[PDB]
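Below you'll find only one chain, the form deposited in one PDB entry, shown as structure tokens.
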């Protein structure tokens, strides 16, 4: 499993939550493996007597999982930043074993982008304004910030996509993981299964494309095989209509064929916070 996070050592202890303090309300979507519930958490934070959390319940017993659960929990207690989905602690009192996370009310970034995009009405007869340049750049900057954090910990995500980012209380974007993302992968990751900080910056560039297409499928016009072919052949995703050349220049910097030629996430977030600060002059 996380043999790729073996080098990481958490200094702090895992917080244990009592069963009683967790009051499950109803499921958050269609959780795979676990299923995720929205729950009321008692005595977790002093300021908020009964706060809202996302609770992931583990499916299987056996030291195989019980051991994995403990390592996943330990690593998560270590990952604490404004742009990383917060982990609160675990519950071991009886079965199933629970993992408690911060509630992100607007769900994943992909649906969010789709629902705040030009094709929104086409994606909903369902319920029934497109996110502006600054709004898109804020999202883009928030994600890069999470990636600058993880690179600081020598942590490789391996699955950075808008589907794995979450939106919360007032357009706050945080990187998480819902658990082969070939379309977001660089050629060294496809062919040689080599995942580094450089592999993650490429995926960030794909995330940037996803943001500026309002959740469109990377290589949508291609099958999985067709996509692998174009990635290894050196083909780059076309600059979205919504994307200014200034933002496209960053994606291209992430997609540099040679990993050691790819633009650092520090430089990427820096450039993104600067454009996010003053949106560039762009007209379609």
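Here, rigid core means the biggest group of C-alpha atoms that superpose within 1.5 Å across both forms. Positions refer to the first chain, counted from 1.
The entry models residue 179 and residue 180 with a gap of 10 or more deposited residues left without coordinates. Across the two stretches, 59 to 67 and 213 to 221, the PDB entry reports the greater mean Cα temperature factor for 59 to 67.
As recorded in the PDB entry, 90 to 98 is the stretch of 141 to 149 and 90 to 98 with the greater mean C-alpha temperature factor. In the deposited coordinates, the residue among 124, 208, 136, 85 with the greatest CA B-factor is 124. Per the deposited coordinates, the residue with the largest Cα temperature factor out of 243, 251, 231, 51 is 51.
In the PDB entry, a CA B factor belonging to the lowest third of its chain's modelled residues is recorded for residue 238.
Remark: residue 38 belongs to the middle third of its chain, ranked by C-alpha B-factor as recorded. In the deposited entry, the Cα temperature factor of residue 192 sits in the top third of values across the chain's modelled residues. Residue 128 sits in the highest third of its chain by CA B factor, as recorded in the PDB entry.
Although it is not shown, the form deposited in another entry is what the next lines describe.
Here the rigid core is superposed between this form and the one not shown, and of 259, 218, 244, 31 the C-alpha of 31 is the only one to shift by 2 Å or more. Core-superposed comparison between this form and the one not shown: the CA of residue 171 stays below a 2 Å shift. Positional change of residue 121 between this form and the one not shown reaches 2 Å or more at the C-alpha, relative to the superposed core. In the other form, the separation between the C-alpha atoms of residue 122 and residue 237 grows by 3 Å or more relative to the displayed form. A change of 3 Å or more separates the two forms for residue 32 and residue 197: their C-alpha atoms lie closer together in the other form.
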